[PDB]
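Okay, here we've got a single chain as C-alpha cells, the form deposited in one PDB entry, with questions on binding and movement later.
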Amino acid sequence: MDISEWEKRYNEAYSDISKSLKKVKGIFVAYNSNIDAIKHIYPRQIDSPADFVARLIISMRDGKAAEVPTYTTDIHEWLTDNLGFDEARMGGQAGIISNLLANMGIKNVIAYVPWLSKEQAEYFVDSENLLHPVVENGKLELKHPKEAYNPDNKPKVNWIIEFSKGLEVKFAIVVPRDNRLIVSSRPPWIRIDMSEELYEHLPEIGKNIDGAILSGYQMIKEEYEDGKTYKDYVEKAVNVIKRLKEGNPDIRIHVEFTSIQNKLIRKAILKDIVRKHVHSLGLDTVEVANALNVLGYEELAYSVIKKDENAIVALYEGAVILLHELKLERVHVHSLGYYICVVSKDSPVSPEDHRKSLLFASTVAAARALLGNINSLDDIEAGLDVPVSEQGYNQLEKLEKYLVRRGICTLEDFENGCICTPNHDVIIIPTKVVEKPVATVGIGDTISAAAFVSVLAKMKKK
C-alpha cells in the first residue's frame, strides 16, 4: 500500500517553500526564553525533593512528557551540587523559534522576552535577522540582544532529565519509551507582560511583520503578591494581540500550546485569549487531551490518552473539535510518525499549499534531529535524506480505514493527503524520523514554527 511518490512530494515542496520564504516581512516571537540544563541519565508542583522524585516516577511508568514547575531557588542549589548537568542549550518556546527562524534567513525576526539577562543574550544567534525591541527616547529601537538588555535581570534556568530505552531501577518498573522531565523555574519577578512604551509601539511592530508566534502563557499564576489576578495578565495577553492587529489587519497570529498543570489557567488561556483573537494553534497528542479536558470533552480526551487502536481516530476528532470550539482557522497537531492539520474553509491558503508547509516542517524537523541545530536555509535540505517512517504510514492506516468506511473522504483523497469535508479540511502526512537523533528538545516548536512561516510565505495576501 506504501507508494514511493511521497519522496517526490517532499523534494518539490522544499524548493517551492524556500523560494517563497523571502515573501515574509517579519515575525514577532515573544514571552518565552530560558537556559536549559540537560541532565543525562498526586503532586502538582515541586517544593521539596520528595516531590521531584515522585514526579520522575510518573514519567518512568508512562513515558509521558510531563512539565512541572518550581517557584523557589531552594532546589536550584540542591541539584546544582548533588547532580551536575552536562549541557546547557537555548530553551523556551519563543527562544528556540527565534533562533530557528533567524537561522533560516527569515527577514525581520523580532524576539521579545521580559526577563532578558546578561547570560541569556549570549544564547541568541548574532545576525541582522534577529533583533530585540527596546523603546528608548519614545521611539521604536530594534537593537541586538547582545546589547539592549537590562543588567538587573538574572537568568532563568530549567532542569531537564531525559532518558530512553527505559533503563530500570527498582526502589523499595521499566520506562516504556523515551521520555524527558522538565523542572521549570518560575520566580516571582518574571511576568508575561511588556513595558507600557513597547505596548504603545505594537502597531509599528505589526506593520513591519506578517505573523506573530506567541507562547508562554503558562507562567500566569492565579494569585500574585501585588494583588493582581490571572485575568489581568489574560486581559493584557489579549490587548497585546489586539494592538498588533491595529497596525496590520491581515496579520496572522499563532499560539504554540504547551502542557499546563493548572486547568483553570489552561481553560482561561484556551477560552479567553485563544478562542477568537487567535487563528493558529500548535499541539501534540497529549495537549489535545489537555485542551479537551477543559472545554468539556473528557470522554474523547481519555480516548486520546488511551492506548487502543482507535486512539488516533480520537485524536482526529479531538483536532476537529478544537478547530470549531475555539474559533480557529488552523490546528496543527504533531505526532511521532505523522502530522494532522485541520483547517477552516476561510483559510487564506489552499489545501494544496497547506500540504507543502507540513512537508517542509517535516523536512525541518528531520534536519533538526541530525544536525545539532540548523545554521542556514540550505541546512534544511539535508532533512530530505531521512526515510519516511513506515510506522507513521501504518498509524495512518487505522485512521484511513476509519475515514473511508465512515464516508468522509475518498481512498484517493487519503493517499494524497487532502480531505475536504463539508465544514472543514484536513491535511495528513507521514513524517521523517531519525533512528539516532542528536537532540530532541525543540523539535516540536520547530515543526509548528516552520509550518506557520511557510504559510505566511505562500499567502496570497501580498
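In this text, rigid core is short for the largest set of C-alphas that superpose within 1.5 Å between two forms. Numbering starts at 1 and runs along the sequence shown.
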Unresolved deposited residues lying between neighbours residue 41 and residue 42: 10 or more
Deposited-sequence gap flanked by residue 172 and residue 173: 1 to 3
Of 335 to 343 and 123 to 131, the one with larger mean CA B-factor: 123 to 131
Higher-B stretch (mean Cα B-factor, as the entry records it), 67 to 75 or 98 to 106: 67 to 75
Among 200, 381, 87, 299 - the residue whose C-alpha B-factor is largest in the record: 87
Residue of maximum C-alpha B factor among 374, 148, 320, 386, per deposited coordinates: 148
Chain-relative CA temperature factor third for residue 186: middle
Within-chain third of residue 409 by Cα B-factor, per the entry: middle
Residue 303 - Cα temperature factor, lowest/middle/highest third of chain: middle
Record-listed C-alpha B factor of residue 216: chain third: lowest
Residue 28 - which third its CA temperature factor falls in, relative to the rest of the chain: lowest
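Beyond what is shown, the protein has a form deposited in another entry; the following relates to that form.
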Identity of the moved residue from 261, 344, 150, 80, C-alpha shift 2 angstroms or more, core fit between this form and the one not shown: 80
Core-superposed C-alpha of residue 58 shifting 2 Å or more between this form and the one not shown: yes
Shift of residue 69 between this form and the one not shown at or above 2 Å (CA, core fit): yes
Large Cα move at residue 180 between this form and the one not shown, threshold 2 Å, rigid core: yes
Cα-Cα shift for residue 125 and residue 76, closer or farther in the other entry, minimum 3 Å: closer
